[PDB]
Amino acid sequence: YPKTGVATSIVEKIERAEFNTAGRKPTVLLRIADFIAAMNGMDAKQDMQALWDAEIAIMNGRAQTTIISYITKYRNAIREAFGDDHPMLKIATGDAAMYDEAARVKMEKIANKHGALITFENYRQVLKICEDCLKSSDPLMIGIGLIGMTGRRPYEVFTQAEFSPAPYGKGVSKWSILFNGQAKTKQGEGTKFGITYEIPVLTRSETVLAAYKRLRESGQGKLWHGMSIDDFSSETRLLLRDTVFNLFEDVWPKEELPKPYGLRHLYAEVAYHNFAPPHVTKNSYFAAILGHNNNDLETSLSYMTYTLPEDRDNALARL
């Protein structure tokens, strides 16, 4: 089903890491590599269970969230090396209790958000800053700008986004564009995978599109194009983190620090406040503009983070 095979992505990573001139050892990837190796020729389920047990034991002392992520790394390797039918996929898994608990923690944090939204007092400043970034010659700057003005995920904006003009009857839409290249999504109906769909933008569409074409045409943009999430991460993440931190440090709400995804959160609040037609709920509207699954109203809870000072003002205008 079969009993042999290799998780090639892991191995290439190990081989490249063999001659770095700095950095941590790839101990986790090495464990995975050896685990897949030891599986080769293995046919008894008890053997498989013993091997996984050894693994799980190593992992103890890590955070729950870490452990869960690692189980994903292993399972993705087993699938890579042996396929979808390997009996180890029923064995190498966390128990139901760990996932249940994970979900309890997630949901509690969110409910705390919903109870105490952050007033984003200088949101106009932040949006203008992003707009200013759209005219920068530095493609990282353009990219930040796009995350704020379009609300796409960094990985989307930088590596795989397709933007196009959205028609408005006989003309082109001024406040919205077409987007393709939704991440965190596999093929399935009611999924936006490889689906093109209209989204609002927080500045003139012409600007956004122009700026994106500059991004895609720069040398760095051609390098970024089509990267894996791993490569995108290691190539760009810490720099994007420090850049975004430096850009908004004295305008960002004092409750939190400025993080790239904040632009996506803020985007949704702002677009809802400006564009939501009246027969739609906040949940449904977010989930629409954010490319969430059909009948997925729950992922939208994650994004209710800020309250605009105008809303805060006039809700205070009672008696």
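When you see a residue number, it is the position in the sequence shown, counting from 1.
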| According to the deposited model, is the average Cα temperature factor higher in 67-75 or in 160-168? | 160-168
| remark: When mean C-alpha B-factors in the record are compared for 141-149 and 184-192, the larger belongs to 184-192
| remark: Max C-alpha B-factor within the set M304, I14, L297, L308 falls on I14
| field | From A271, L263, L30, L290, residue of greatest CA B-factor | value | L30
| request: Divide the modelled residues of the chain into thirds by Cα B-factor and specify which third, lowest, middle or highest, holds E108. | output: lowest
| remark: Split the chain's modelled residues into thirds by Cα B-factor; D84 lands in the highest
| remark: Here the Cα B-factor of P200, set against its chain, lands in the third termed middle
| remark: Entry-reported C-alpha B-factor of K135 relative to its chain, by third, is highest
| task | Would you mind ranking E217 by its C-alpha B-factor against the rest of the chain and naming the third, lowest, middle or highest? | result | highest
